[PDB]
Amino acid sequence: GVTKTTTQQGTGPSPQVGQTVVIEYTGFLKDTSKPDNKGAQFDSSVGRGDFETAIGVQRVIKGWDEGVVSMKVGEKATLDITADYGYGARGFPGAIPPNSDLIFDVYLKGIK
């Protein structure tokens, strides 16, 4: 469903269901012909500011819910998220095509 790659190990606490996480992130459409399978960037907190959400309660795609609760504060990770754990067959109009596997760089900076 979601495959994680740790590019920086974190050692703080690991978010649990219902906690508000603070993350920096960049989202990419998956393109296996590209380095690290990163195709077009569709979204990013960078510049916008750190993104906050309660995790594990389906306020974001399942791939984030599942990926981010497996992280530890301080961890930088890449989440490879299959379409059905992302925006599935519907996609998101204007942003993400139907059935798009997704690649996210996620930086877990804290828990509220």
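Quick note: we count residues from 1 along the sequence shown, nothing fancier.
- The question of which stretch, 69-77 or 82-90, has the higher mean Cα B factor is settled in favour of 82-90.
- Stretches 41-49 and 24-32 differ in mean CA B factor, with 41-49 having the higher one.
- In the deposited entry, the Cα temperature factor of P13 places it in the middle third of its chain's modelled residues.
- For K112, the recorded CA B-factor ranks within the highest third of the chain. Only modelled residues enter the ranking.
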